[PDB]
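Undergrad: If you scroll down you'll find the structure; I have some questions about it.
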Amino acid sequence: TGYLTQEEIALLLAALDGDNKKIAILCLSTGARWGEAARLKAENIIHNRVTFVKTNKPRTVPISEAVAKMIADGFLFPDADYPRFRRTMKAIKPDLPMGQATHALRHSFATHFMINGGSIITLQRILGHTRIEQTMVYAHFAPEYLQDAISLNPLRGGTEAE
Amino acid sequence: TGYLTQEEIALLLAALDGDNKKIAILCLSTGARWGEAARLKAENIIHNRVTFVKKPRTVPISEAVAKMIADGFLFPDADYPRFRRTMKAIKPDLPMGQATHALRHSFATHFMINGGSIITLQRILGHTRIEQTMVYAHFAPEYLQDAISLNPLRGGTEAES
Ligand SMILES: [Zn+2]
């Protein structure tokens, strides 16, 4: 449940190349596990929407034109090399627990998603978690706004309505 | 269907008066149950923050609301049965004895529809466990394109410096 800082991300991407790099970008964009991202086919990307299939239930996550352009243009990543990815990751983040390299980028997506004001519920869906309790590992990263009781109530913080 | 629409709210408030109206406004603002709102005292409102006592929890309100409800017990001329009658007239299909909670559900429901956090809602409602609050989860928009803009690459292909 560790994650990469902004600066760790920067180093990671600088140090990777080829399909590993593209996969990293995809995982950082979508919260994909390494495996499901690496096995991805052209047909799983329709109108800038990536579909990770049934194995864990299916789920779909949108990506920018730029990302879609870069990763697509059969299997998208035939020259993926997980061990080299792992090596490079461990070099940037030495304190990373064993075999957690498959999930580090997923946890980085999630973590920054919450830090940046994302909804825990939307995140649950994006990650394809069956239960919200799974997604609550990222909850403490969220800012909390009790004054939303005022502005989001159905009177909009007033006395009237509408 | 468990809660009041915007238009049902409008009718309800138009049709109530006196302390009932104020209580309704308070429940719609805070997710208060009828009872805990009706039994509220001046001392439970400090700096535009309402405290519902013994599990206790505190919920902020706008100046306007505080001004209106706090000029002892705030609502000595409350009349629940009249409230109930009026509610039933606006929303006939409302389940039995649910009139005490209809406004709490409407607060919660709109809070989520309007983009509120399920976690914050948990705290506001004073739910012990998030699972209790997940009854309102399906009302949340799921703005999947936030996967793009809230990315650690900000939807791009690369890092910043
Ligand atoms: Zn209830």
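Residues are named by chain letter and number: chains run A, B, ... in the order of the structure tokens, numbers start at 1 in each chain, and ligands are numbered from 1 in the order shown.
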Let's see if you can do this: from backbone DSSP, list all helix (DSSP H, G or I) residues in segment 2-57 of chain A, as a PyMOL selection string.
TA: chain A and resi 6-15+18-30+34-38+42-44
Undergrad: Hey, what's within 12 Å of residue 85 of chain A if we count only C-alpha atoms and toss same-chain stuff fewer than 4 positions away? As a PyMOL selection string, please?
TA: chain A and resi 12-13+15-24+34+38+79-81+89-92+99+101-102+104-105
Undergrad: Could the residues that lie within 8 Å of ligand 1, counting only C-alpha atoms and all ligand atoms, be listed as a ChimeraX atom specification?
TA: /B:98,101-102,104-105
Undergrad: Take the residues from that selection and put them in a file with C-alpha atoms, as a PDB file, in the first residue's frame.
TA:
ATOM      1  CA  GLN B  98     -40.977   7.375   7.949  1.00  0.00           C
ATOM      2  CA  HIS B 101     -36.631  10.508   8.647  1.00  0.00           C
ATOM      3  CA  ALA B 102     -37.844  11.727   5.247  1.00  0.00           C
ATOM      4  CA  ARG B 104     -32.832  13.312   6.845  1.00  0.00           C
ATOM      5  CA  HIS B 105     -32.951  11.104   3.774  1.00  0.00           C
TER       6      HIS B 105
END
Undergrad: When you get a sec, could you note down which chain B residues fall within 6 Å of chain A, using only C-alpha atoms, as an MDAnalysis selection string?
TA: chainID B and resid 29 61:62 65 107 110:111 114 142 145 148 150:152 155 157 159
Undergrad: For the residues selected in the previous step, produce a file with C-alpha atoms as an mmCIF file, in the first residue's frame.
TA:
data_model
loop_
_atom_site.group_PDB
_atom_site.id
_atom_site.type_symbol
_atom_site.label_atom_id
_atom_site.label_comp_id
_atom_site.auth_asym_id
_atom_site.auth_seq_id
_atom_site.Cartn_x
_atom_site.Cartn_y
_atom_site.Cartn_z
ATOM 1 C CA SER B 29 -29.820 21.576 6.265
ATOM 2 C CA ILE B 61 -25.177 25.740 9.387
ATOM 3 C CA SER B 62 -25.244 29.002 7.482
ATOM 4 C CA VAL B 65 -30.294 29.389 9.110
ATOM 5 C CA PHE B 107 -30.540 15.955 2.941
ATOM 6 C CA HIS B 110 -29.188 15.544 -2.361
ATOM 7 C CA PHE B 111 -25.820 15.876 -0.612
ATOM 8 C CA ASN B 114 -24.665 17.315 -5.544
ATOM 9 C CA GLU B 142 -19.452 8.697 -11.068
ATOM 10 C CA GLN B 145 -13.382 11.263 -16.589
ATOM 11 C CA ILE B 148 -7.987 11.679 -16.570
ATOM 12 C CA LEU B 150 -7.020 13.751 -11.338
ATOM 13 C CA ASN B 151 -4.218 11.358 -12.652
ATOM 14 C CA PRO B 152 -0.816 11.955 -11.307
ATOM 15 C CA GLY B 155 -4.241 13.454 -18.050
ATOM 16 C CA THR B 157 1.630 11.484 -21.087
ATOM 17 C CA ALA B 159 5.583 14.353 -15.514
#
Undergrad: If you run DSSP on the backbone here, which positions in chain A get strand (DSSP E)? Please write them as a ChimeraX atom specification.
TA: /A:45-46,49-52,59-62
Undergrad: Taking only C-alpha atoms into account, which of A:45, A:98, A:106, A:53 comes nearest residue 76 of chain A?
TA: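 Answer, going by the shortest atom-to-atom distance: A:45.
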Undergrad: Leaving out segment 4-19 of chain B and any residue of its chain fewer than 3 positions from it, which residues lie within 10 Å of it when counting only C-alpha atoms, given as a ChimeraX atom specification?
TA: /A:154-155,159-162 /B:1,22-25,28,38,69,74-79,82-83,86-91,94,102-107,109-110
Undergrad: Go ahead and write the selection's residues with N, CA, C and O atoms as a short mmCIF file (atom, residue, chain, number, x, y, z; two decimals), in the first residue's frame.
TA:
data_model
loop_
_atom_site.label_atom_id
_atom_site.label_comp_id
_atom_site.auth_asym_id
_atom_site.auth_seq_id
_atom_site.Cartn_x
_atom_site.Cartn_y
_atom_site.Cartn_z
N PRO A 154 -30.01 20.62 0.16
CA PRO A 154 -30.94 20.95 -0.90
C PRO A 154 -31.47 22.38 -0.91
O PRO A 154 -32.14 22.74 -1.84
N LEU A 155 -31.24 23.13 0.16
CA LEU A 155 -31.51 24.56 0.16
C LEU A 155 -30.30 25.38 -0.24
O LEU A 155 -30.31 26.60 -0.13
N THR A 159 -32.41 29.33 3.25
CA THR A 159 -33.52 29.17 4.13
C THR A 159 -34.73 28.71 3.26
O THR A 159 -35.77 28.36 3.78
N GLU A 160 -34.52 28.66 1.94
CA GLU A 160 -35.63 28.60 1.01
C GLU A 160 -35.68 27.32 0.25
O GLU A 160 -36.50 26.51 0.57
N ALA A 161 -34.84 27.11 -0.76
CA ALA A 161 -35.06 25.95 -1.68
C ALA A 161 -34.39 26.16 -3.02
O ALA A 161 -33.77 27.19 -3.27
N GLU A 162 -34.52 25.17 -3.89
CA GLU A 162 -34.25 25.32 -5.31
C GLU A 162 -32.73 25.40 -5.57
O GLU A 162 -32.02 24.40 -5.56
N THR B 1 -40.57 7.13 -2.63
CA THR B 1 -39.24 6.53 -2.99
C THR B 1 -38.16 6.85 -1.94
O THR B 1 -36.96 6.55 -2.15
N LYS B 22 -39.41 25.86 10.62
CA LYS B 22 -38.02 26.04 11.02
C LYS B 22 -37.34 24.66 11.21
O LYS B 22 -36.17 24.49 10.85
N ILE B 23 -38.05 23.71 11.78
CA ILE B 23 -37.46 22.40 12.05
C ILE B 23 -37.15 21.69 10.75
O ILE B 23 -36.11 21.06 10.59
N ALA B 24 -38.08 21.77 9.82
CA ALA B 24 -37.92 21.21 8.49
C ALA B 24 -36.67 21.78 7.86
O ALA B 24 -35.84 21.05 7.31
N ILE B 25 -36.55 23.10 7.92
CA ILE B 25 -35.39 23.76 7.33
C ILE B 25 -34.10 23.22 7.98
O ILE B 25 -33.11 22.98 7.30
N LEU B 28 -33.47 19.54 6.73
CA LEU B 28 -32.97 19.62 5.36
C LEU B 28 -31.54 20.21 5.28
O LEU B 28 -30.85 19.95 4.31
N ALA B 38 -36.30 18.80 16.87
CA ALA B 38 -37.38 19.41 17.62
C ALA B 38 -37.03 19.70 19.08
O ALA B 38 -37.54 20.66 19.64
N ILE B 69 -33.44 30.24 13.11
CA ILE B 69 -33.89 29.30 14.13
C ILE B 69 -33.54 29.71 15.56
O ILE B 69 -34.12 29.16 16.49
N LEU B 74 -35.64 25.61 21.41
CA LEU B 74 -35.84 26.47 20.25
C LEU B 74 -37.24 26.38 19.65
O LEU B 74 -37.74 27.35 19.09
N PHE B 75 -37.87 25.21 19.76
CA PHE B 75 -39.08 24.95 19.04
C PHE B 75 -40.22 24.48 19.96
O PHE B 75 -40.72 23.36 19.81
N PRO B 76 -40.66 25.35 20.87
CA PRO B 76 -41.72 25.01 21.80
C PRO B 76 -43.13 24.88 21.19
O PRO B 76 -44.02 24.36 21.86
N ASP B 77 -43.34 25.31 19.94
CA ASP B 77 -44.66 25.16 19.29
C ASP B 77 -44.62 24.21 18.10
O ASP B 77 -45.43 24.31 17.16
N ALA B 78 -43.67 23.28 18.14
CA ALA B 78 -43.61 22.21 17.17
C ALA B 78 -44.93 21.44 17.28
O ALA B 78 -45.54 21.42 18.35
N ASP B 79 -45.35 20.83 16.19
CA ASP B 79 -46.56 20.01 16.15
C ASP B 79 -46.27 18.88 15.16
O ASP B 79 -46.46 19.04 13.95
N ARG B 82 -49.28 17.57 12.82
CA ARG B 82 -49.51 18.50 11.72
C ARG B 82 -48.42 18.46 10.67
O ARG B 82 -48.67 18.51 9.48
N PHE B 83 -47.21 18.37 11.12
CA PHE B 83 -46.12 18.12 10.19
C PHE B 83 -46.39 16.87 9.34
O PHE B 83 -46.33 16.91 8.11
N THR B 86 -49.18 17.32 6.82
CA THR B 86 -48.74 18.11 5.69
C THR B 86 -47.82 17.30 4.76
O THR B 86 -47.97 17.35 3.53
N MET B 87 -46.88 16.55 5.34
CA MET B 87 -45.96 15.70 4.57
C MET B 87 -46.69 14.67 3.72
O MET B 87 -46.36 14.44 2.56
N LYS B 88 -47.66 14.04 4.34
CA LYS B 88 -48.40 12.98 3.70
C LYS B 88 -49.21 13.55 2.53
O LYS B 88 -49.32 12.90 1.50
N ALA B 89 -49.70 14.77 2.68
CA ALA B 89 -50.35 15.45 1.60
C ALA B 89 -49.43 15.72 0.41
O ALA B 89 -49.87 15.63 -0.74
N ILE B 90 -48.18 16.12 0.66
CA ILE B 90 -47.24 16.39 -0.43
C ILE B 90 -46.71 15.10 -1.05
O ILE B 90 -46.49 15.02 -2.27
N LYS B 91 -46.42 14.13 -0.20
CA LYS B 91 -45.81 12.88 -0.62
C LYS B 91 -46.63 11.71 -0.06
O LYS B 91 -46.27 11.11 0.94
N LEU B 94 -45.35 8.00 0.88
CA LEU B 94 -44.32 7.89 1.91
C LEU B 94 -44.62 6.79 2.94
O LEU B 94 -45.70 6.82 3.56
N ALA B 102 -37.77 11.28 6.65
CA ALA B 102 -37.84 11.73 5.25
C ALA B 102 -36.94 12.90 4.93
O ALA B 102 -36.31 12.93 3.86
N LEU B 103 -36.90 13.88 5.81
CA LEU B 103 -36.03 15.00 5.58
C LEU B 103 -34.55 14.64 5.75
O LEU B 103 -33.72 15.18 5.00
N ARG B 104 -34.22 13.77 6.71
CA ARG B 104 -32.83 13.31 6.85
C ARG B 104 -32.39 12.62 5.57
O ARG B 104 -31.29 12.83 5.07
N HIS B 105 -33.28 11.82 5.00
CA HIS B 105 -32.95 11.10 3.77
C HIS B 105 -32.82 12.06 2.60
O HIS B 105 -32.12 11.77 1.66
N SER B 106 -33.58 13.14 2.64
CA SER B 106 -33.53 14.11 1.56
C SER B 106 -32.25 14.93 1.59
O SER B 106 -31.59 15.08 0.58
N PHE B 107 -31.86 15.39 2.77
CA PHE B 107 -30.54 15.96 2.94
C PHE B 107 -29.46 15.04 2.35
O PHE B 107 -28.65 15.47 1.51
N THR B 109 -29.55 12.48 0.42
CA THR B 109 -29.68 12.07 -0.94
C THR B 109 -29.19 13.18 -1.82
O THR B 109 -28.42 12.95 -2.74
N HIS B 110 -29.62 14.41 -1.55
CA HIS B 110 -29.19 15.54 -2.36
C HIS B 110 -27.72 15.85 -2.14
O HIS B 110 -27.03 16.30 -3.07
#
Undergrad: Name the residues in contact with residue 43 of chain A at a cut-off of 10 Å, using only C-alpha atoms, excluding same-chain residues fewer than 3 positions from it; report them as a PyMOL selection string.
TA: chain A and resi 40+46+50-51+72+74-76
Undergrad: What is the atom CA of residue 58 of chain B-atom CA of residue 46 of chain B distance in Å, reported with one decimal?
TA: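 Straight-line distance from atom CA of residue 58 of chain B to atom CA of residue 46 of chain B works out to 10.1 Å.
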Undergrad: Quick one: everything within 12 Å of residue 54 of chain B, counting only C-alpha atoms, minus sequence neighbours fewer than 4 positions away in the same chain. Send it as number ranges by chain.
TA: B: 36, 44, 58, 126
Undergrad: I'd like the interatomic distance between atom CA of residue 80 of chain B and atom CA of residue 60 of chain B, to a tenth of an Å.
TA: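 Atom-to-atom, atom CA of residue 80 of chain B to atom CA of residue 60 of chain B, that is 24.4 Å.
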Undergrad: Atom CA of residue 54 of chain A and atom CA of residue 42 of chain A are how many Å apart?
TA: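 Rounded to one decimal, the two atoms are 16.4 Å apart.
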Undergrad: For residue 97 of chain A, which residue out of A:130, A:1, A:135, A:44 is the nearest one, using only C-alpha atoms?
TA: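 Nearest to residue 97 of chain A: A:1.
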Undergrad: For residue 66 of chain B, find every residue with an atom within 9 Å (counting only C-alpha atoms), except residues of its own chain fewer than 4 positions away, and show them as a list in words.
TA: residues 26, 45, 47, 48, 49, 50, 61, 62, 70 and 71 of chain B
Undergrad: Mind writing the picked residues with C-alpha atoms as a PDB file, in the first residue's frame?
TA:
ATOM      1  CA  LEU B  26     -32.999  22.568  10.003  1.00  0.00           C
ATOM      2  CA  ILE B  45     -25.788  26.186  18.685  1.00  0.00           C
ATOM      3  CA  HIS B  47     -20.765  29.752  16.217  1.00  0.00           C
ATOM      4  CA  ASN B  48     -23.133  28.449  13.585  1.00  0.00           C
ATOM      5  CA  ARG B  49     -22.532  24.855  14.612  1.00  0.00           C
ATOM      6  CA  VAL B  50     -25.323  22.626  15.767  1.00  0.00           C
ATOM      7  CA  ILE B  61     -25.177  25.740   9.387  1.00  0.00           C
ATOM      8  CA  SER B  62     -25.244  29.002   7.482  1.00  0.00           C
ATOM      9  CA  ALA B  70     -32.204  31.034  17.090  1.00  0.00           C
ATOM     10  CA  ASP B  71     -34.031  34.339  17.162  1.00  0.00           C
TER      11      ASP B  71
END
